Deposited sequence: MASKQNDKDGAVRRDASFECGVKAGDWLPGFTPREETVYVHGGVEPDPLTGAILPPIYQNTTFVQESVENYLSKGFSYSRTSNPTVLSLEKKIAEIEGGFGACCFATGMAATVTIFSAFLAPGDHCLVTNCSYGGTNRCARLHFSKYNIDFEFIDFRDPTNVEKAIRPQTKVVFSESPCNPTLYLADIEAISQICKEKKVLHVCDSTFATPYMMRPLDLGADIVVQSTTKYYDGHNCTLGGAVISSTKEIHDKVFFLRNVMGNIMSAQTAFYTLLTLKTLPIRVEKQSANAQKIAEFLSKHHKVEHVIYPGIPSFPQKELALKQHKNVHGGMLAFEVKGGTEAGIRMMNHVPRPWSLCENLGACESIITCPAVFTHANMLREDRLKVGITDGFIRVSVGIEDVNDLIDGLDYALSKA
């Protein structure tokens, strides 16, 4: 074994895979990072040697994007990954590939807003029936499967309610039923939970959130457990032209290296903040998978590795008015905006940042429902700011 070779028969440990996975020094120059292939087209040597060097057009595939895809397939435990302009585009590509008119698709009722909206507002017009059910109980899913069900789409934890789905149990049901199991583990990251290890057929990620974790790029990823699934997604990406760009792939290859340490820090910070809010006289409920009153504590302890994540939610006593005063008074370092998973701590109120009382209520997004993405700042500053805002609420 020489410098540049890995030791044979060794599987690199996890953090090493985050640092190096799917990437070796440039063969041509030894460049330690992958060069950015900011180019549209790739010259062919001859008609007979078409694609011999593996590339022809970046809408189809691109060397930088491919390096990122390989690293992501390694980190998530999948056969192959496909990288997309956004997480919404990865989601939409799954829905586009595996559903046809007359098909049934069970979706967690607490899915990300955008996922729900793309299902109801758009894909339903193709006479695809999306049924949104409670995924907390796996028997609910098992018995909601119909003969037209082709896809079961789980999310865990859920955006923003933080409800968990038992991925292993649902995967068990879907295998027995011969149904595709797709799971959106954006809130979890592979550091906390890898649905493909838990039996999922497909994982969808918004790399915008934690993969990036820097509020820098948009991106999506579809990680497939088999070559058939992977090739289907690959084909449809080429057709829908929603592939990720080389520059975004570079950014994400760079930010993935620190995902484990980032998520550890965010999660410790979030554990402390959730405990603080748990004791606060102005706070009505606190949802965080790591505090002992979490209603799905057992599933969390079963399913979450290392951490319980950077996301939490709470409710301020007083209702919408108090929540709004609180939001309007949360100071820096906090940011009042959308997105999550970033180094920068973010706070938002999903119910004021278009629908009706009863929907957001049945969903769990109450009127004072504040969603919180914890970053890597000093937790004492973050709690100072929350405490101030709360005294103002």
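Gaps in the coordinates relative to the deposited sequence fall at 1 to 21, 375 to 377.
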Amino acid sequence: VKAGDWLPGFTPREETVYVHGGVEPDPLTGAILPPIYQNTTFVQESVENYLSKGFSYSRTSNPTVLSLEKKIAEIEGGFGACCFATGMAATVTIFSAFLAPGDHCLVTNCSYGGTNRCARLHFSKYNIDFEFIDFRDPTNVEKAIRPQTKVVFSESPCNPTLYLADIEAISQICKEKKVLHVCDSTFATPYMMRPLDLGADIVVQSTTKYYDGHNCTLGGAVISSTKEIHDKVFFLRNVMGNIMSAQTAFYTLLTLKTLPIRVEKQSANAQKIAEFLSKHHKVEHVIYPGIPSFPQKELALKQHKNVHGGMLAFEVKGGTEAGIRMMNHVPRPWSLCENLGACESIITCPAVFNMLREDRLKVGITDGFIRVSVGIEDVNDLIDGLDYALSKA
From here on, numbers count along this sequence of modelled residues.
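Look at the mean CA B-factor for 303 to 311 and for 162 to 170 in the entry; the higher one is 162 to 170. Judged by mean Cα B factor in the deposited record, 354 to 362 ranks above the other of 32 to 40 and 354 to 362. Going by the entry's values, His104 shows the largest Cα B-factor out of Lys265, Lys232, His104, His280.
Reading the B-factor column for the CA atoms of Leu51, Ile347, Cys343, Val65 in the entry, the top value corresponds to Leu51.
When the modelled residues of the chain are ordered by C-alpha B-factor, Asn116 sits in the highest third. Among the modelled residues of its chain, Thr60 has a C-alpha B-factor that falls in the lowest third, as given in the PDB entry.
When the modelled residues of the chain are ordered by C-alpha B-factor, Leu386 sits in the lowest third. Sort the chain's modelled residues by C-alpha temperature factor and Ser224 lands in the middle third, per the entry. In the PDB entry, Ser185 places in the middle third of its chain by CA B-factor.
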